[PDB]
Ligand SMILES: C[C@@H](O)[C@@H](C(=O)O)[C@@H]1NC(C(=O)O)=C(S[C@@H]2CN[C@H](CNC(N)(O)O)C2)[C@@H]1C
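Presented as structure tokens, the chain that follows is alone, the form solved without the named molecule.
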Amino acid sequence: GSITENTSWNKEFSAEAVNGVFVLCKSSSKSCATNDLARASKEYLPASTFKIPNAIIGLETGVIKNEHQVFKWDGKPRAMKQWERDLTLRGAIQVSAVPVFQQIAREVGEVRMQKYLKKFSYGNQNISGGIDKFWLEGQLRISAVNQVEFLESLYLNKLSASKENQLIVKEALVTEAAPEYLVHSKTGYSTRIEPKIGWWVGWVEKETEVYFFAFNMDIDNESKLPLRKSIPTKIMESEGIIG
């Protein structure tokens, strides 16, 4: 496919004084557009966007039994009150329950985790830093371009995993349903390297078109987090894709 730099979205970044990048790819034309070709190829910690490949690997290895698996809370204190409950796979992904996925990673183990990230061509494929924290504070890095490539493979069932397991994760990622479109997406917030990085990645099925997207931005403080969704949402609204 192709990628082209544009300027028609810059106003959305400058209006909020944000440094960031949006990559948007139309499946049928095999064409992507981005406001910043350089930043589109810059590689950052995936943070909770890593729950996508982790969920798939968890399923593929049998660590996660199926889509009806309940991840029970043991009662031990968690970093967030909202994680302190039993969760489904979709629930754990949607609330970004890190401890659930740290346990998954541990059970997958280094050898299998490495193998699957190679198969998925996932970022720099570097799982150094501890089996349960490599995507949060370790050496793993991925770009916005690589995110959209990965997500397109998931959409097409082309990852090295069963179609059934890819379908399970795809439904777990649904975040907005409308009669005219369906959005699958995942946020991330990497706080361990400076500048902190906010992600929103996913895809939109609209009419018979499919649009893959990846957004990241420097996050000055927590009050800026909603911009991870609002900036790319405005862009996609102006493109006639959603809303």
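Residue positions are given as counts along the sequence shown, with the first one as 1. For the two forms, the rigid core is made up of the largest set of C-alpha atoms that agree within 1.5 Å on superposition.
Absent from the display: the form deposited with the named molecule bound. The rest refers to it.
- [ ] Evaluate residue 188 for contact with the named molecule in the entry with it bound, applying a 4.5 angstroms cut-off between non-hydrogen atoms, and reply yes or no.
- [x] Residue-level check for residue 188: yes, a contact with the named molecule.
Task: the named molecule contact at residue 83 in the entry with it bound, heavy atom, 4.5 Å - done: Within the cut-off, so yes.
Open item on the list: Quick check on residue 234: any heavy atom within 4.5 Å of the named molecule in the entry with it bound?
Closed with: Residue 234: no, not in contact with the named molecule in the entry with it bound.
TODO: Would you check, heavy atoms only and a 4.5 Å threshold, whether residue 96 touches the named molecule in the entry with it bound?
DONE: Close contact exists here: in the entry with it bound, residue 96 approaches the named molecule to within 4.5 Å, heavy atoms only.
Task: Partner-facing stretch of 110-118, 96-104, 156-164, 138-146, counted where any non-hydrogen atom is within 4.5 angstroms of the named molecule in the entry with it bound - done: Result for this chain: 96-104.
Open item on the list: Given a 4.5 Å distance limit between heavy atoms, list every residue of 209-226 close to the named molecule in the entry with it bound, or none if there are none.
Closed with: If the 4.5 Å heavy-atom criterion is applied to the named molecule in the entry with it bound, 209-226 yields 222, 225, 226.
Open item on the list: Could you check, with the core superposed, whether the Cα atom of residue 65 shifts 2 Å or more between this form and the one not shown?
Closed with: Not so; residue 65 is displaced by less than 2 Å.
- [ ] With both forms fitted on the core, give yes or no for whether the Cα of residue 29 moves by 2 angstroms or more between this form and the one not shown.
- [x] For residue 29, whose C-alpha is compared between this form and the one not shown after core superposition, the shift is 2 Å or more.
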